[PDB]
Amino acid sequence: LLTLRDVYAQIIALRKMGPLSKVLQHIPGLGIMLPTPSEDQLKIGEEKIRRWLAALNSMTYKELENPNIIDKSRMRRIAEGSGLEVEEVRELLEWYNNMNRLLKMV
Amino acid sequence: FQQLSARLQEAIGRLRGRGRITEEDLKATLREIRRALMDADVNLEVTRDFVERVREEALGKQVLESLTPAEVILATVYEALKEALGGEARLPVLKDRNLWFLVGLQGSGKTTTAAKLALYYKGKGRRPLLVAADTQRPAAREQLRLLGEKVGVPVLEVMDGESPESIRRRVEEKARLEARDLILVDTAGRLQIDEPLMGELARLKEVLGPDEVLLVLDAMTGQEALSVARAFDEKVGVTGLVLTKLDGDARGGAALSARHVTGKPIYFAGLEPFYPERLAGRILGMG
Amino acid sequence: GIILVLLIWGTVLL
Amino acid sequence: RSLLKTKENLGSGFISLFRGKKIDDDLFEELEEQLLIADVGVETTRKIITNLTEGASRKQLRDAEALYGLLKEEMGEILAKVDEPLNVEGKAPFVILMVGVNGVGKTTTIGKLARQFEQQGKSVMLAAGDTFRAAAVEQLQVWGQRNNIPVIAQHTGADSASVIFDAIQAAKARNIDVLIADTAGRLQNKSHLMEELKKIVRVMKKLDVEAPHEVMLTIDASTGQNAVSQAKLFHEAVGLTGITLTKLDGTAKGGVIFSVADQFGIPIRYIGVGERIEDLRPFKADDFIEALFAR
RNA sequence: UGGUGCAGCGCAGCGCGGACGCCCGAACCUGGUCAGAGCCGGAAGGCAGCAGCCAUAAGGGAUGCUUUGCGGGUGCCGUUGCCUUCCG
Ligand SMILES: [Mg+2]
């Protein structure tokens with residue numbers, strides 16, 4: 001049930017219930033339909049879950065703040081350590097900056 | 001009720017614009033509704049009376065001669081669902097001084113409901129008083145204080161191993177200094193039903209001597225909740241039922257088999273007064 | 001209000 | 001026969017339905033509304049009505065009672081396409097995937113079916129796949145414990161996709177003809193159930209590139225529409241090659257067989273019509289229909 | 001004859017540098033422990049392995065009746081010898 005500390009305390013709570021669906025707990029707005037979130041049980045079928053939650057915990061509690069300092073020698077680092085590929089790491093690194101960005105405009 | 005409704009709505013949808021129906025066709029919908037109740041974990045006996053009820057009503061409204069049978073059946077089931085919930089809305093009686101007990105198993109929002117019931121009458125011009133009866137687990141009375149501290153209702157915590165006599169001594173005193181016209185005694189709650197617990201609840205009732213006994217049961221259990229109410233009403237003596245978590249429940253085998261089995265009218269429901277007529281519509285897709 | 005509604009809802013894309 | 005309650009709307013039921021009736025639009029409707037009761041299926045019934053009208057028009061029919069010799073033919077061909085007896089000879093061992101939702105009659109069928117093979121003259125080895133359900137594993141062990149039937153079981157919670165392997169490996173060395181094994185059956189997670197069973201058929205190709213040989217499906221009949229939804233799920237999960245309708249006798253919904261044989265076409269293996277082990281004769285088309293319409 | 005000024009050694013102290021002890025400490029390519037994750041196989045059970053944590057180099061800092069080398073505007077210390085010049 002400044003941002004990095006919040007990301008972990010949040011993502012960690014995004015597993016002990018599903019992948020849960022509490023996405024509709026702090027949103028007074030309305031939804032769309034039900035035949036759409038059905039593709040959420042698909043990823044659950046596999047013995048695994050997602051690649052994101054992999055290389056996510058495979059990083060220092062300071063390397064997630066400014067992933068910009070990460071180079072070609074740092075991407076392959078959290079790549080083999082998590083089992084993912086260099087490409088699967090980029091999509092993850094280029095996101096940590098988005099959260100800390102779009103948040104500023106909020 | 002997602003499942004329940006989804007079964008009934010379609011059960012009648014097959015008769016949406018089919019002209020005059022035959023006697024054999026009428027029997028179809030009857031059984032189609034039966035299974036809709038079975039899967040909804042509804043009492044067998046209640047399931048029969050439900051189907052049989054529609055049988056008489058249908059034949060009484062000349063459904064086998066009506067151009068639009070989907071309209072007759074819809075109105076028929078509506079009457080069955082409404083009566084299956086209680087027929088008409090019912091609420092506890094109020095007078096000079098009131099005092100009830102909030103008995104129930106642990107994990108059914110027994111403590112949460114007691115806090116909501118106090119805030120309800122509070123806005124109606126009443127003066128409730130949350131009083132924990134639990135004397136085994138101190139944490140039980142601790143959870144009631146927080147709830148009463150947010151809603152704005154005074155909570156009276158009892159001591160550990162305190163005799164019922166000593167309780168009534170303070171509950172009656174604190175109700176005089178602050179002038180309380182309502183006392184919500186929240187009894188202790190456990191996972192299962194044991195004799196030792198059923199014994200303390202009975203003695204505590206012979207002392208204070210309440211007027212009505214509300215039982216907060218879980219609707220996410222179905223017939224299971226009914227069996228639980230079959231004990232309290234035998235060892236203690238309940239007068240009403242408060243089904244909570246109705247949203248999570250997609251069946252409704254405890255709400256459609258309450259007035260029949262236990263026979264206890266559902267006053268409140270998890271929080272606002274239970275409206276049989278209202279819920280009867282949401283099931284048919286019109287609430 | 002609307003924060004992660006347009007954020008986490010995009011993590012399933014990749 | 002134990003189908004009296006089933007013949008209330010089927011077979012002999014049509015007799016009192018077309019009794020003194022004239023073949024017309026209002027006639028076919030009165031029939032379709034009766035077929036949708038035995039859970040025959042909307043698509044199935046719709047197909048029967050059309051094939052019936054065409055046959056009751058291109059031959060000039062003015063008697064509804066004459067339709068008797070029509071439905072018995074159409075409804076007979078539906079099961080004739082899924083009428084394929086089960087053979088378990090030649091192969092050794094013979095894996096028999098047992099899929100189905102928990103609480104349907106799987107563990108019950110595995111027992112009766114096992115007593116059939118040994119009765120013919122062949123050894124059989126059980127295998128409690130679904131470890132999560134100790135209620136089933138405990139029964140599969142205590143049972144074969146007195147029937148001298150070998151049962152393979154492990155720690156509660158082990159991989160059910162391997163409980164079968166242990167039975168197969170211990171079958172080629174202990175000489176075993178028939179090899180039956182149960183699996184998990186939870187609809188709560190469609191995906192999981194898919195990959196779970198799918199990862200079982202892709203691994204049994206080690207000791208036998210032909211195993212599993214049969215993908216039996218245990219579904220209840222009294223359920224009605226439920227029996228259709230379940231079979232449809234397992235059909236999209238793995239390659240079903242056999243289905244068995246249990247608890248058919250005792251309910252007026254035996255017409256579900258026409259839905260799990262037309263909409264799917266999966267050749268029905270066995271059929272339940274009682275409680276005894278003998279009350280489970282192989283699926284027969286020119287037999288079930290002959291008794292279904294038996295006046 | 002004598003009083004200063006000497007040089008080279010022998011004892012303390014001081015300054016600097018180098019060890020020991022303490023603190024901090026390099027992304028990985030060093031090690032142990034390794035949630036999550038990933039890999040291998042039909043399982044039971046393993047392999048590989050990142051962050052964090054612990055320990056530990058290079059490289060610094062504070063401090064040390066402690067230990068060592070070197071370097072001098074310490075000191076009324078005792079004595080001998082030599083010497084440009086100065087002073088009785
Ligand atoms: Mg008494």
# chains A, B, ... in the order shown; residues from 1 in each chain; ligands from 1
call {"tool": "residues_around", "arguments": {"residues": "residue 54 of chain E", "least_positions_apart": "3", "cutoff": "12 Å", "atoms": "only C-alpha atoms (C1' of nucleotides)", "output": "list in words"}}
result
residues 31, 32, 33 and 34 of chain E
call {"tool": "residues_near_ligand", "arguments": {"ligand": "ligand 1", "cutoff": "9 Å", "atoms": "only C-alpha atoms (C1' of nucleotides) and all ligand atoms", "output": "list in words"}}
result
residues 202, 203, 205, 206, 235 and 236 of chain B
call {"tool": "closest_atom_pairs", "arguments": {"of": "chain D", "to": "chain E", "cutoff": "9 Å", "atoms": "only C-alpha atoms (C1' of nucleotides)", "output": "CSV"}}
result
residue,atom,partner,partner_atom,distance
D:154,CA,E:44,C1',8.0
D:155,CA,E:44,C1',8.1
D:158,CA,E:43,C1',7.2
D:159,CA,E:43,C1',6.2
D:160,CA,E:43,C1',8.4
D:161,CA,E:42,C1',7.1
D:162,CA,E:42,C1',5.0
D:163,CA,E:43,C1',7.2
D:164,CA,E:42,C1',8.4
D:165,CA,E:42,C1',5.8
D:166,CA,E:42,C1',8.2
D:200,CA,E:42,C1',8.0
D:203,CA,E:42,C1',5.6
D:204,CA,E:42,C1',7.0
D:206,CA,E:42,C1',8.1
call {"tool": "write_last_selection", "arguments": {"atoms": "N, CA and C atoms", "output": "PDB file, in the first residue's frame"}}
result
ATOM      1  N   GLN D 154       5.609 -34.139  -4.644  1.00  0.00           N
ATOM      2  CA  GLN D 154       6.756 -33.463  -4.050  1.00  0.00           C
ATOM      3  C   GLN D 154       6.308 -32.460  -2.992  1.00  0.00           C
ATOM      4  N   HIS D 155       7.222 -31.577  -2.599  1.00  0.00           N
ATOM      5  CA  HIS D 155       6.932 -30.559  -1.596  1.00  0.00           C
ATOM      6  C   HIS D 155       5.838 -29.621  -2.097  1.00  0.00           C
ATOM      7  N   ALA D 158       5.961 -26.935  -5.226  1.00  0.00           N
ATOM      8  CA  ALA D 158       6.944 -27.229  -6.260  1.00  0.00           C
ATOM      9  C   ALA D 158       6.368 -26.952  -7.645  1.00  0.00           C
ATOM     10  N   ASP D 159       7.228 -26.991  -8.656  1.00  0.00           N
ATOM     11  CA  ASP D 159       6.808 -26.743 -10.030  1.00  0.00           C
ATOM     12  C   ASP D 159       5.937 -27.882 -10.548  1.00  0.00           C
ATOM     13  N   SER D 160       4.666 -27.582 -10.795  1.00  0.00           N
ATOM     14  CA  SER D 160       3.723 -28.577 -11.295  1.00  0.00           C
ATOM     15  C   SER D 160       4.082 -29.006 -12.714  1.00  0.00           C
ATOM     16  N   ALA D 161       4.916 -28.209 -13.373  1.00  0.00           N
ATOM     17  CA  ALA D 161       5.340 -28.498 -14.738  1.00  0.00           C
ATOM     18  C   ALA D 161       6.450 -29.542 -14.763  1.00  0.00           C
ATOM     19  N   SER D 162       6.770 -30.093 -13.597  1.00  0.00           N
ATOM     20  CA  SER D 162       7.819 -31.099 -13.491  1.00  0.00           C
ATOM     21  C   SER D 162       7.315 -32.366 -12.808  1.00  0.00           C
ATOM     22  N   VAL D 163       6.223 -32.239 -12.061  1.00  0.00           N
ATOM     23  CA  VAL D 163       5.641 -33.375 -11.357  1.00  0.00           C
ATOM     24  C   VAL D 163       5.304 -34.493 -12.340  1.00  0.00           C
ATOM     25  N   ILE D 164       5.066 -34.118 -13.592  1.00  0.00           N
ATOM     26  CA  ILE D 164       4.732 -35.079 -14.638  1.00  0.00           C
ATOM     27  C   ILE D 164       5.992 -35.772 -15.150  1.00  0.00           C
ATOM     28  N   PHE D 165       7.080 -35.015 -15.245  1.00  0.00           N
ATOM     29  CA  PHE D 165       8.349 -35.549 -15.722  1.00  0.00           C
ATOM     30  C   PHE D 165       8.804 -36.708 -14.840  1.00  0.00           C
ATOM     31  N   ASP D 166       8.757 -36.502 -13.528  1.00  0.00           N
ATOM     32  CA  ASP D 166       9.163 -37.528 -12.574  1.00  0.00           C
ATOM     33  C   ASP D 166       8.388 -38.821 -12.804  1.00  0.00           C
ATOM     34  N   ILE D 200       4.790 -26.875 -20.014  1.00  0.00           N
ATOM     35  CA  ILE D 200       4.745 -28.280 -19.627  1.00  0.00           C
ATOM     36  C   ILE D 200       4.816 -29.175 -20.860  1.00  0.00           C
ATOM     37  N   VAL D 203       8.335 -29.139 -22.531  1.00  0.00           N
ATOM     38  CA  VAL D 203       9.408 -29.801 -21.797  1.00  0.00           C
ATOM     39  C   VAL D 203       9.291 -31.323 -21.828  1.00  0.00           C
ATOM     40  N   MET D 204       8.081 -31.825 -22.053  1.00  0.00           N
ATOM     41  CA  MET D 204       7.858 -33.267 -22.104  1.00  0.00           C
ATOM     42  C   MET D 204       8.343 -33.864 -23.421  1.00  0.00           C
ATOM     43  N   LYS D 206      11.468 -34.178 -24.078  1.00  0.00           N
ATOM     44  CA  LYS D 206      12.813 -34.660 -23.789  1.00  0.00           C
ATOM     45  C   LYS D 206      12.869 -36.184 -23.810  1.00  0.00           C
TER      46      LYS D 206
END
call {"tool": "interface_residues", "arguments": {"of": "chain A", "to": "chain C", "cutoff": "10 Å", "atoms": "only C-alpha atoms", "output": "list in words"}}
result
residues 11, 23, 24, 25, 26, 27, 28, 29, 39, 40, 43, 50, 51, 52, 88, 91, 92, 95, 98, 99, 102, 103 and 106 of chain A
call {"tool": "select_by_dssp", "arguments": {"residues": "segment 195-274 of chain B", "states": "strand (DSSP E)", "output": "VMD selection string"}}
result
chain B and resid 213 to 218 240 to 244 266 to 269 272 to 273
call {"tool": "residues_around", "arguments": {"residues": "residue 89 of chain D", "least_positions_apart": "4", "cutoff": "9 Å", "atoms": "only C-alpha atoms (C1' of nucleotides)", "output": "VMD selection string"}}
result
chain D and resid 94 177 to 178
call {"tool": "interface_residues", "arguments": {"of": "chain A", "to": "chain E", "cutoff": "7 Å", "atoms": "only C-alpha atoms (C1' of nucleotides)", "output": "compact mmCIF listing (two decimals) with N, CA and C atoms, in the first residue's frame"}}
result
# COMPACT_ATOMS: atom_id res chain seq x y z
N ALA A 54 14.36 -3.94 -12.80
CA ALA A 54 15.60 -4.70 -12.73
C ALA A 54 16.80 -3.79 -12.52
N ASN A 57 17.05 -1.01 -9.30
CA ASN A 57 17.68 -1.23 -8.00
C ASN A 57 19.16 -1.56 -8.15
N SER A 58 19.62 -1.64 -9.40
CA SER A 58 21.02 -1.95 -9.68
C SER A 58 21.84 -0.68 -9.86
N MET A 59 21.39 0.40 -9.23
CA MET A 59 22.08 1.69 -9.32
C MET A 59 22.19 2.35 -7.95
N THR A 60 23.22 3.19 -7.79
CA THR A 60 23.45 3.89 -6.54
C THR A 60 22.30 4.85 -6.24
N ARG A 77 27.44 -1.20 -17.42
CA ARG A 77 27.65 -1.57 -16.02
C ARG A 77 26.38 -2.18 -15.43
N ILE A 78 25.32 -1.37 -15.37
CA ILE A 78 24.05 -1.82 -14.82
C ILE A 78 23.28 -2.67 -15.83
N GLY A 81 24.82 -6.50 -14.97
CA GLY A 81 24.52 -6.76 -13.57
C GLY A 81 23.05 -7.05 -13.33
N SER A 82 22.20 -6.57 -14.24
CA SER A 82 20.77 -6.78 -14.13
C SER A 82 20.29 -7.84 -15.11
N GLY A 83 21.13 -8.14 -16.10
CA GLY A 83 20.77 -9.14 -17.09
C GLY A 83 20.21 -8.53 -18.36
call {"tool": "closest_residue", "arguments": {"among": "A:6, A:46, A:65, A:85", "to": "chain D", "atoms": "only C-alpha atoms"}}
result
A:46
call {"tool": "closest_atom_pairs", "arguments": {"of": "segment 70-123 of chain B", "to": "segment 213-219 of chain B", "cutoff": "12 Å", "atoms": "only C-alpha atoms", "output": "Markdown table"}}
result
| residue | atom | partner | partner_atom | distance |
| --- | --- | --- | --- | --- |
| B:91 | CA | B:214 | CA | 11.1 |
| B:92 | CA | B:214 | CA | 9.4 |
| B:93 | CA | B:213 | CA | 11.9 |
| B:98 | CA | B:213 | CA | 11.4 |
| B:99 | CA | B:213 | CA | 9.1 |
| B:100 | CA | B:213 | CA | 5.7 |
| B:101 | CA | B:213 | CA | 5.4 |
| B:102 | CA | B:214 | CA | 5.6 |
| B:103 | CA | B:215 | CA | 5.2 |
| B:104 | CA | B:216 | CA | 5.4 |
| B:105 | CA | B:217 | CA | 7.4 |
| B:106 | CA | B:217 | CA | 9.7 |
| B:107 | CA | B:218 | CA | 8.1 |
| B:108 | CA | B:218 | CA | 5.1 |
| B:109 | CA | B:216 | CA | 7.3 |
| B:110 | CA | B:216 | CA | 5.6 |
| B:111 | CA | B:216 | CA | 9.1 |
| B:112 | CA | B:216 | CA | 9.9 |
| B:113 | CA | B:216 | CA | 7.5 |
| B:114 | CA | B:216 | CA | 9.0 |
| B:117 | CA | B:214 | CA | 10.8 |
call {"tool": "interface_residues", "arguments": {"of": "chain B", "to": "chain D", "cutoff": "10 Å", "atoms": "only C-alpha atoms", "output": "tab-separated table (two decimals) with N, CA and C atoms, in the first residue's frame"}}
result
chain	number	residue	atom	x	y	z
B	14	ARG	N	-31.83	-11.31	-23.88
B	14	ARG	CA	-32.15	-12.32	-24.88
B	14	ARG	C	-33.62	-12.25	-25.27
B	15	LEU	N	-34.41	-11.55	-24.46
B	15	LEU	CA	-35.84	-11.41	-24.72
B	15	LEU	C	-36.17	-9.99	-25.17
B	18	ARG	N	-38.66	-9.76	-28.94
B	18	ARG	CA	-38.82	-11.10	-29.50
B	18	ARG	C	-40.29	-11.46	-29.64
B	19	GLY	N	-41.16	-10.46	-29.52
B	19	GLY	CA	-42.58	-10.70	-29.64
B	19	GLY	C	-43.12	-11.57	-28.52
B	20	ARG	N	-44.22	-12.26	-28.79
B	20	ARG	CA	-44.84	-13.13	-27.80
B	20	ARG	C	-43.96	-14.34	-27.51
B	21	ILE	N	-43.70	-14.58	-26.23
B	21	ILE	CA	-42.87	-15.70	-25.81
B	21	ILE	C	-43.73	-16.90	-25.41
B	22	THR	N	-43.17	-18.10	-25.53
B	22	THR	CA	-43.88	-19.32	-25.18
B	22	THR	C	-43.66	-19.69	-23.72
B	23	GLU	N	-44.43	-20.66	-23.24
B	23	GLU	CA	-44.32	-21.11	-21.86
B	23	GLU	C	-42.94	-21.71	-21.60
B	24	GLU	N	-42.40	-22.41	-22.59
B	24	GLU	CA	-41.09	-23.03	-22.47
B	24	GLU	C	-39.99	-21.97	-22.40
B	25	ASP	N	-40.19	-20.87	-23.13
B	25	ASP	CA	-39.21	-19.79	-23.15
B	25	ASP	C	-39.16	-19.08	-21.80
B	26	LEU	N	-40.32	-18.94	-21.16
B	26	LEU	CA	-40.41	-18.28	-19.87
B	26	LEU	C	-39.58	-19.03	-18.83
B	27	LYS	N	-39.58	-20.36	-18.93
B	27	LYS	CA	-38.83	-21.20	-18.00
B	27	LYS	C	-37.33	-20.98	-18.16
B	28	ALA	N	-36.91	-20.67	-19.38
B	28	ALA	CA	-35.50	-20.44	-19.68
B	28	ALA	C	-34.94	-19.35	-18.78
B	29	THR	N	-35.49	-18.14	-18.90
B	29	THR	CA	-35.05	-17.01	-18.10
B	29	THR	C	-35.03	-17.35	-16.61
B	30	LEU	N	-36.02	-18.12	-16.18
B	30	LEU	CA	-36.12	-18.52	-14.78
B	30	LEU	C	-34.84	-19.22	-14.31
B	31	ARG	N	-34.42	-20.23	-15.06
B	31	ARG	CA	-33.21	-20.97	-14.72
B	31	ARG	C	-31.96	-20.13	-14.95
B	32	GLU	N	-32.01	-19.26	-15.95
B	32	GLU	CA	-30.88	-18.39	-16.26
B	32	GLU	C	-30.58	-17.48	-15.07
B	35	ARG	N	-28.87	-19.70	-11.86
B	35	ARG	CA	-27.42	-19.84	-11.90
B	35	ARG	C	-26.76	-18.51	-11.55
B	38	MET	N	-26.59	-18.70	-7.97
B	38	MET	CA	-25.71	-19.76	-7.50
B	38	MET	C	-24.26	-19.30	-7.51
B	39	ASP	N	-23.82	-18.77	-8.65
B	39	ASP	CA	-22.45	-18.29	-8.79
B	39	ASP	C	-22.22	-17.08	-7.89
call {"tool": "atom_distance", "arguments": {"atom1": "atom CA of residue 123 of chain D", "atom2": "atom CA of residue 176 of chain D"}}
result
5.3 Å
call {"tool": "interface_residues", "arguments": {"of": "chain A", "to": "chain D", "cutoff": "7 Å", "atoms": "only C-alpha atoms", "output": "PyMOL selection string"}}
result
chain A and resi 41-42+44-46
call {"tool": "atom_distance", "arguments": {"atom1": "atom CA of residue 220 of chain B", "atom2": "atom CA of residue 270 of chain B"}}
result
11.7 Å
call {"tool": "select_by_dssp", "arguments": {"residues": "segment 47-239 of chain B", "states": "helix (DSSP H, G or I)", "output": "PyMOL selection string"}}
result
chain B and resi 47-60+69-85+110-124+138-151+164-177+195-208+223-235
call {"tool": "residues_around", "arguments": {"residues": "residue 223 of chain B", "least_positions_apart": "4", "cutoff": "7 Å", "atoms": "only C-alpha atoms (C1' of nucleotides)", "output": "list in words"}}
result
residues 41, 42, 43, 227, 253 and 254 of chain B
call {"tool": "write_last_selection", "arguments": {"atoms": "N, CA, C and O atoms", "output": "PDB file, in the first residue's frame"}}
result
ATOM      1  N   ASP B  41     -23.028 -16.948  -4.987  1.00  0.00           N
ATOM      2  CA  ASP B  41     -22.976 -17.498  -3.637  1.00  0.00           C
ATOM      3  C   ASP B  41     -24.222 -17.117  -2.842  1.00  0.00           C
ATOM      4  O   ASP B  41     -24.129 -16.528  -1.765  1.00  0.00           O
ATOM      5  N   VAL B  42     -25.387 -17.458  -3.383  1.00  0.00           N
ATOM      6  CA  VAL B  42     -26.656 -17.157  -2.731  1.00  0.00           C
ATOM      7  C   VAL B  42     -27.263 -18.426  -2.139  1.00  0.00           C
ATOM      8  O   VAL B  42     -27.104 -19.515  -2.691  1.00  0.00           O
ATOM      9  N   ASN B  43     -27.956 -18.277  -1.015  1.00  0.00           N
ATOM     10  CA  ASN B  43     -28.588 -19.406  -0.344  1.00  0.00           C
ATOM     11  C   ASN B  43     -29.483 -20.176  -1.310  1.00  0.00           C
ATOM     12  O   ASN B  43     -30.250 -19.582  -2.068  1.00  0.00           O
ATOM     13  N   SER B 227     -23.809 -17.245   8.091  1.00  0.00           N
ATOM     14  CA  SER B 227     -23.534 -18.279   9.081  1.00  0.00           C
ATOM     15  C   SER B 227     -22.954 -17.665  10.350  1.00  0.00           C
ATOM     16  O   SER B 227     -23.204 -18.147  11.455  1.00  0.00           O
ATOM     17  N   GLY B 253     -24.590 -12.577  -2.244  1.00  0.00           N
ATOM     18  CA  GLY B 253     -25.344 -13.692  -1.702  1.00  0.00           C
ATOM     19  C   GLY B 253     -25.707 -13.493  -0.245  1.00  0.00           C
ATOM     20  O   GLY B 253     -26.420 -14.307   0.343  1.00  0.00           O
ATOM     21  N   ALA B 254     -25.213 -12.407   0.342  1.00  0.00           N
ATOM     22  CA  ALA B 254     -25.488 -12.100   1.740  1.00  0.00           C
ATOM     23  C   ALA B 254     -26.526 -10.990   1.856  1.00  0.00           C
ATOM     24  O   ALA B 254     -27.177 -10.840   2.890  1.00  0.00           O
TER      25      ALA B 254
END
call {"tool": "atom_distance", "arguments": {"atom1": "atom CA of residue 4 of chain A", "atom2": "atom CA of residue 56 of chain A"}}
result
10.9 Å
call {"tool": "residues_around", "arguments": {"residues": "residue 107 of chain D", "least_positions_apart": "5", "cutoff": "9 Å", "atoms": "only C-alpha atoms (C1' of nucleotides)", "output": "PyMOL selection string"}}
result
chain D and resi 136-137+139-140+182
call {"tool": "residues_around", "arguments": {"residues": "residue 14 of chain E", "least_positions_apart": "2", "cutoff": "12 Å", "atoms": "only C-alpha atoms (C1' of nucleotides)", "output": "PyMOL selection string"}}
result
chain E and resi 12+16+71-72+74
call {"tool": "residues_around", "arguments": {"residues": "segment 49-56 of chain D", "least_positions_apart": "3", "cutoff": "10 Å", "atoms": "only C-alpha atoms (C1' of nucleotides)", "output": "list in words"}}
result
residues 23, 24, 25, 28, 29, 31, 32, 35, 44, 45, 46, 59, 60, 61, 62, 63, 64, 66, 67, 70, 71, 73 and 74 of chain D
